[PDB]
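Next up: just one chain, as structure tokens, the form deposited in one PDB entry.
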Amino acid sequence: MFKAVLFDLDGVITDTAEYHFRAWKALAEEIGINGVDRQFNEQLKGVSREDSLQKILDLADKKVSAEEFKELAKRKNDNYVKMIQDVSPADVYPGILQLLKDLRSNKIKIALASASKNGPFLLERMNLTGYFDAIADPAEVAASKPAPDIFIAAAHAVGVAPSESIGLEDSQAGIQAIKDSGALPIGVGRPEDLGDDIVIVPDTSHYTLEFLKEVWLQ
């Protein structure tokens, strides 16, 4: 049986999509760029901060120096961090808390493998820190998803090989990263984004210990 489960944060444990959206909107409003509405924000989901900022500047063909770019990116982040002060246990996705409890009572290691620079803060706000055996520090890994580095680091941090682990993710790049780490992916979402070759559940309420055991056996 698997010895560890490696969790991404966003799209598995929770999301902060409304807060990122409000941050970018607020920034666009500040600088007088029209177009940054909910529909447009779909093009920013899971995209890097710098790429998201450039997409917004492009709406107005707007040209900016390195330092100005840096400052607008900082401004959006400051926005975002202020807004996530309201994250709470109610932000935990369906099924995850019970999964965590069951994993822990069966002595299965639990690790975070998230690019989020606010991972530990977010886990504290959701009251989930006591379940985590480790949090892979995204600042200490050479390469980001779909590179496997973060999943390797996470499994190693809890004393296991990735081949002993299940990885849970909602993105194609995450699922690839899990695959190449040597852990077993189980995706949440749809095959059109994630691929046909891995097990997928429609939502996180399907992530149960019983189900992860059935996948591992199979």
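Shifts are known only where both forms have a C-alpha. Don't overthink the numbering: it's just position in the shown sequence, from 1. Under this definition, the rigid core comprises the largest set of C-alpha atoms superposing within 1.5 Å between the forms.
**Student:** Going by the mean C-alpha B-factor recorded in the entry, which is higher: 25-33 or 160-168?
**Tutor:** Looking at the recorded C-alpha B-factors, 25-33 comes out higher on average.
**Student:** Regarding 142-150 and 120-128, which shows the higher C-alpha temperature factor on average in the entry?
**Tutor:** The deposited B-factors put 142-150 ahead on the C-alpha mean.
**Student:** Per the PDB entry, which option out of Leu97, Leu112, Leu72, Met83 has the greatest Cα B factor?
**Tutor:** Answer for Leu97, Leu112, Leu72, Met83: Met83, with the highest C-alpha B-factor.
**Student:** Classify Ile175 as lowest, middle or highest third according to the C-alpha B-factor given in the PDB entry, relative to its own chain.
**Tutor:** Middle third - that is where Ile175 ends up once the chain's C-alpha B-factors are sorted.
**Student:** Based on the deposited C-alpha B factors for this chain, I'd like to know if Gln54 is in the lowest, middle or highest third.
**Tutor:** Its C-alpha B-factor belongs to the middle third of this chain's values.
**Student:** Relative to the other modelled residues in the chain, which third contains the C-alpha temperature factor of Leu184: lowest, middle or highest?
**Tutor:** Answer is middle: the recorded C-alpha B-factor places it there.
**Student:** Divide the modelled residues of the chain into thirds by Cα B-factor and specify which third, lowest, middle or highest, holds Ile200.
**Tutor:** It falls in the top third of the chain.
**Student:** Looking at the temperature factor on the CA atom of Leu209, which third of the chain's modelled residues does it land in?
**Tutor:** Middle third, going by the recorded CA B-factors of the chain.
Form deposited in another entry: not shown, discussed below.
**Student:** Counting only residues modelled in both forms, where do runs of 3+ with a CA shift of at least 2 Å appear between this form and the one not shown, relative to the core?
**Tutor:** The run that moves is 15-80, and no other.
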